[PDB]
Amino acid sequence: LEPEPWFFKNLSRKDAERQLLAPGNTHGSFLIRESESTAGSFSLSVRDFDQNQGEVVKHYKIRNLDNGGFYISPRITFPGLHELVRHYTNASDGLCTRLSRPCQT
């Protein structure tokens, strides 16, 4: 219900790549989807621009904390995905790029 613009519950890894790389999206475009690798957790997919490869999509595991919370690196955890998204929109803080706009469809 009423997903955030960045939340694509059931979108696969490959369809996330497909849509992020399509027209209307650009560097920093991103989404969060259920993980296809770790049942019960989420994956972050973000478009980046590499000197060598050109446009690419990179994926990060979002780890769950027992009894609530999320992280990408243990160095910093969050009580929710809103806080995680805000943090990595404000600073890359180790990611390949800052989160910019949710995937446009």
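From 1 onward, residues are counted along the sequence shown. Each form is matched to the other, and the largest set of C-alpha atoms that superpose within 1.5 Å is called the rigid core.
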Greater root mean square CA deviation, 56-64 compared with 38-46 in 6 other deposited structures of this protein, core aligned: 38-46
So which stretch wins on mean C-alpha B-factor, 73-81 or 25-33? 73-81
By the recorded C-alpha temperature factor, relative to the other modelled residues in its chain, which third is residue 92 in? middle
Rank-wise, by C-alpha B-factor, drop residue 45 into the lowest, middle or highest third of its chain. lowest
